[PDB]
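> my complex, first installment, coordinates as in the assembly:
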Amino acid sequence: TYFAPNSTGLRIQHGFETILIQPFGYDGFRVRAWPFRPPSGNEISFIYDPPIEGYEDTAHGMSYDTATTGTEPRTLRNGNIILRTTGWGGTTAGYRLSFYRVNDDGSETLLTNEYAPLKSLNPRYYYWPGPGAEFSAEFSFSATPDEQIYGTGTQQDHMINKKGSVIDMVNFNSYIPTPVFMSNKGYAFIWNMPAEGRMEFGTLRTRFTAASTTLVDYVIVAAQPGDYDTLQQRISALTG
């Protein structure tokens, strides 16, 4: 009785950047974005395709069902997670991402969306520091002051709630920063990137950065609140 998806993925052409959102595993979406040049195909990934456990029969790859330029809003549902493409500001469009969970009582809860209030930097920011095509990436997502962040690897901070902390993604003795975290809102998030960077768990914005990359890749999975054993069931099905 699983709410299987009706689309293999959505590919948005937003100017020079392409965003490929695909249903991935149970109650999960996989988002990939790149400016100008398509993925080489030799990028390093830490997630399984298809997931170790999920609704799928075969791997997704780059497959998608619908292509748009993001002029109009769209909606895609997989399991209990729903994606809603929207505009920025008062506009009605479909180049901004937002993720909801369908609760047991029929209502919906906003897990997170791309941090794009009226006056703010682009939630998918690209910057070219070198003469080549490799770029640095800064992706921003909304957050609430009451949110709680669990995981993010190991660190001697004497805290299990990582909210309000910045975690640099550079390894050294006793410090293994890993961008895999659970939120008490009922969702988990995987920044599937091997590049060094930064984890910002701010009061109103969650931001991940990549020092140098050719492709941004993350996965978001939803679960009913308080049910952390399912979140870990989904994370392990994605990463091992």
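On my side now, so go ahead. Residues are numbered from 1 along each chain as shown, chains lettered A, B, ... in the order given.
> only C-alpha atoms for contact and neighbour calcs from this point on.
OK.
> what about the helices in chain A?
For chain A, the helices defined by DSSP state H cover A:228-239.
> show the contacting residues for the nearest residue to residue A:52 once chain neighbours are set aside.
With CA to CA, 6 or more residues apart in numbering as the criterion, residue A:52 has its nearest non-adjacent residue at 4.7 Å, and that residue is residue A:237. Shown in contact with residue A:237 (CA atoms under 8 Å, 6 or more residues apart in numbering): A:25, A:48, A:51-54.
> 7 Å instead?
A:51-53 (CA atoms under 7 Å, 6 or more residues apart in numbering).
> and if you look at residue A:213?
Neighbouring residues of residue A:213 by CA under 7 Å, 6+ apart: A:134-136, A:195.
> can you tell me which of the residues you listed end up in strands?
Secondary structure of these is defined by DSSP state E; positions in strands are A:135-136.
> would JSON lines of the contacts of residue A:213 with neighbour count and distance to residue A:12 be doable?
What follows is the contacts of residue A:213, written out as JSON lines (neighbours: other CA atoms under 10 Å; distance: CA to CA, whole Å):
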{"residue": "A:134", "neighbour count": "18", "distance to residue A:12": "21"}
{"residue": "A:135", "neighbour count": "20", "distance to residue A:12": "20"}
{"residue": "A:136", "neighbour count": "20", "distance to residue A:12": "21"}
{"residue": "A:195", "neighbour count": "15", "distance to residue A:12": "25"}
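> and the contacts of residue A:213, which is closest to residue A:222?
residue A:195 (25.2 Å; CA to CA).
> chain neighbours aside, what residue packs nearest to the closest one?
Closest residue to residue A:195 apart from its sequence neighbours, by CA to CA, 6+ apart: residue A:210 at 5.5 Å.
> and the one you found, how many neighbours?
By the criterion of other CA atoms under 10 Å, residue A:210 has 23 neighbours.
> and the gap between it and residue A:170?
Noted for residue A:210: a distance of 11 Å to residue A:170, by CA to CA, to the nearest Å.
> joint contacts of those two?
Residues touching both residue A:210 and residue A:170 (CA under 7 Å, 6+ apart) are residue A:196.
> nearest to residue A:156, of the contacts of residue A:213?
Nearest to residue A:156 out of those is residue A:195 (CA to CA; 22.5 Å).
> so who does that closest one touch?
Applying CA under 7 Å, 6+ apart, the residues contacting residue A:195 are A:210-213.
> of the residues you listed, closest to residue A:59?
Checking the contacts of residue A:195 against residue A:59 by CA to CA gives residue A:213 as the nearest, at 23.6 Å.
> now that closest one: how far from residue A:87?
In this view, residue A:213 and residue A:87 are 27 Å apart by CA to CA.
> what of residue A:129?
Relative to residue A:87, residue A:129 is positioned 29 Å away (CA to CA).
> chain B follows; place it on the structure:
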Amino acid sequence: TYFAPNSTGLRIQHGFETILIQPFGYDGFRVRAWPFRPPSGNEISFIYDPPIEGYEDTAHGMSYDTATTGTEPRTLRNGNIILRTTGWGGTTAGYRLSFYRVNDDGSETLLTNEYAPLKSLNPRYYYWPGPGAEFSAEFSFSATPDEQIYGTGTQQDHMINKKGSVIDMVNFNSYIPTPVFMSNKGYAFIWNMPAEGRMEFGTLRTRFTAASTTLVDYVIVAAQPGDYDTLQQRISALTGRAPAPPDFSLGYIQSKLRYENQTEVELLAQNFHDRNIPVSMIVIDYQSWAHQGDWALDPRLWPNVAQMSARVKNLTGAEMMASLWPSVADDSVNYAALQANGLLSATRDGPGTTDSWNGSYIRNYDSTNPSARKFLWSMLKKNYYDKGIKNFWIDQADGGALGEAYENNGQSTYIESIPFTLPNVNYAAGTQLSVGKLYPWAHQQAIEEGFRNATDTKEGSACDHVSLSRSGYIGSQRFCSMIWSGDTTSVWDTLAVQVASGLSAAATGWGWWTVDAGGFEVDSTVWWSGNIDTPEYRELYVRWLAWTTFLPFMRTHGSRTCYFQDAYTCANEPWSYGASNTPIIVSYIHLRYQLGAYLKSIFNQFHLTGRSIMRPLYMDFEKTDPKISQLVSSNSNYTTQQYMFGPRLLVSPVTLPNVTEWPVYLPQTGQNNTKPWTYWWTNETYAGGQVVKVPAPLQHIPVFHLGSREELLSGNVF
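Below, chain B sits with the chains from the block before:
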């Protein structure tokens, strides 16, 4: 009886860098090298695998037979070229490359090796400027002081020997640097790289650089000395064999800046018809659109273009050509769609504008984006091809900026002279520094794909239509596309320098080359420059127009000035240069059509073997005439301003005013007991190996011919 190779390739592991050397085509080796990270496989290559013609049955790919760390020397032979891996200094190893040719007499000759004397930088130098893995590359090869370099693309330098010159690989108006050259030592070299960089043809070292890349790739091919026709046969087999041109394109091409509305074009065809003067193609220049990026004629001045093209073909039978620029402005009807679908290049920060023109800042469309190439053809086929204009003038597509070596085009010369840095823009295939040299090549490809799609024809087969391009790159000869020398000044010195540019293009592999008859721009320091009403420029134009008769394509064009005007711009028609000059101009138009069999025959041999159409003197008389070797090294006027147009004609334009005698050097052919050179206008025969002063009135261009005239007019010359 070809000396086939015994190994599919050698892969050397020299520290963190991998070098893959493979036999490639006849008498050729292909070398690829990369540090740390293996090739993505999506690098841009301009050579064919397998070569169009060679010993191979299938493509090589990354295949190799032997793997080593280069501790010991090895040897590999393919055809008459031999590779010998050696050490550096007195060491005995196998991580340095050296290339020899096996001569006919059994001996060997060193073509070149990696420049690695005892004290020197690494001949394969890598440098990482950014935080990522992309690197800059500097590859150095040995050279001798006596060496001669031919090719390297086009440039207004008045030289065919490029030795001692540095050639920057950045495109702008009249400057198409292309790293394909022949050496008089008997070898050719292709730097198969789309990145911007540098060509150093120094006294003792040849060096190529790449600003940003993930893989170095070059090909070296050997040939017996003096045998340049084989070198061009190998280069064309590696980078492309030209198609056969449509017969109409070999005629008289009328153009100017500019025919402004439809009725002016229709009266032009009426004039050719009423005067019974033949014309094969009528060209419409730029600024004929409503907005930059509309890619359609402005209906306010071209109301019914299907009727215009049909009327032109009804009066003269001529085809039509229209101009398009790669720039897109915000006022364009296509601007929103081009922006939304990511079909525009952009500077990597700021608004994204790449240059300016027509009082607006613009963005160039992305010719490297396949979707953008389709978008642009959908416009050209809708508004031109399906309306009788089936030939296209792809102007100002050098890449990066809008066709010039300065930014802020169209503005004051003071502002243009301010050293604003040329833009390292974002493309779909890379950046300007990493893949920029691809832009004009992919722009030609956009129309080639459209031409071949409409006619259901394969690339390389006979062309139905052509395109006129001002830039290109390695293997551009594979397209139904002709290159012209760009914006030149209408003075005497310019006419002399254009010859050497076309001869350098021939050594690069480009046969479809031409100029603007009479120059393009007015020289402000020469009062009569470009004035069709002054006798001074009338003399220059008739000399220039006569030369275009003996070029791969005869086309007149320019931005003239005048004392009397009856149109949007000053005229450039065969009857616009004085009553006394009209019969002179029309005679060369008729002579051009009389040479049709000769033209179609020599264009066919260029299609089969890469047989150069306009030929520098070293290709036919280096084996014979001993004095030609030095006349090329010194860049004498006898070799930079004379050439063989086909196998039988020897042409030498008059590049000075007020001249009735012209000194032409007739090369030696190998038979001292004969007089093989026949002057065209007097039918007098001369012996080879001397300079002769022939009668050169204003109506006669100095031209000699081998064999009988009636045979060369028949076409049976091969």
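> re-run the earlier check on the contacts of residue A:237 with chain B in the model.
Contacts for residue A:237 were tallied using CA atoms under 7 Å, 6 or more residues apart in numbering or on different chains; they are A:51-53.
> closest one to residue A:59 out of the residues you listed, please.
For the contacts of residue A:237, the residue nearest residue A:59 by CA to CA is residue A:51; the value is 8.1 Å.
> residue contacts, that closest one?
Residues in contact with residue A:51 (CA under 7 Å, 6+ apart) are A:25, A:237-238.
> what residue, apart from its backbone neighbours, is nearest it spatially?
Among residues not flanking residue A:51 along the chain, residue A:238 sits closest, at 5.1 Å (CA to CA, 6 or more residues apart in numbering or on different chains).
> wouldn't that neighbour be in contact with residue A:47 here?
Yes. Applying CA atoms under 7 Å, one finds residue A:238 in contact with residue A:47, separated by 5.2 Å.
> which one of those two has more residues nearby?
Set residue A:238 next to residue A:47 and count neighbours by other CA atoms under 10 Å in any protein chain shown: residue A:238 wins out with 24 against 18.
> where's that one relative to chain B, distance?
With the distance defined as CA to the nearest CA, to the nearest Å, residue A:238 ends up 26 Å from chain B.
> what of residue A:24?
Distance from residue A:24 to chain B, by CA to the nearest CA: 26 Å.
> bridged to the residue lying closest to that residue once chain neighbours are set aside, which residues?
Among residues not flanking residue A:24 along the chain, residue A:30 sits closest, at 5.7 Å (CA to CA, 6+ apart). Under DSSP bridges, the beta-bridge partners of residue A:30 are residue A:22, residue A:219.
> sorry, back to before: out of the contacts of residue A:237, who's nearest chain B?
Closest approach to chain B among the contacts of residue A:237 (CA to the nearest CA): residue A:51, at 26.1 Å.
> spell out which parts of chain A neighbour chain B.
A:13-16, A:36-37, A:40, A:69, A:128-134, A:212 (CA under 7 Å from any CA of the partner chain).
> most neighbours, which of those residues?
Greatest neighbour count in these, by other CA under 10 Å, goes to residue A:133: 30 neighbours.
> and it, its phi and psi?
With angles defined as degrees, to the nearest 10, residue A:133 sits at phi -100, psi -10.
> can you count the residues close to residue A:76?
Residues lying near residue A:76 (other CA under 10 Å) number 20.
> which residues touch it?
By CA under 7 Å, 6+ apart, residue A:76 lies in contact with A:82-84.
> so how far is chain B from it?
22 Å.
> identify the bridge partners of that residue.
Judged by DSSP bridges, the bridge partners of residue A:76 are residue A:83.
> now do the contacts for the closest residue to residue A:110 other than its chain neighbours.
Nearest-residue entry for residue A:110: residue A:100, 4.4 Å, with adjacent residues in sequence omitted and distances by CA to CA, 6+ apart. If a contact means CA under 7 Å, 6+ apart, then residue A:100 has A:81-83, A:108-111 as its contacts.
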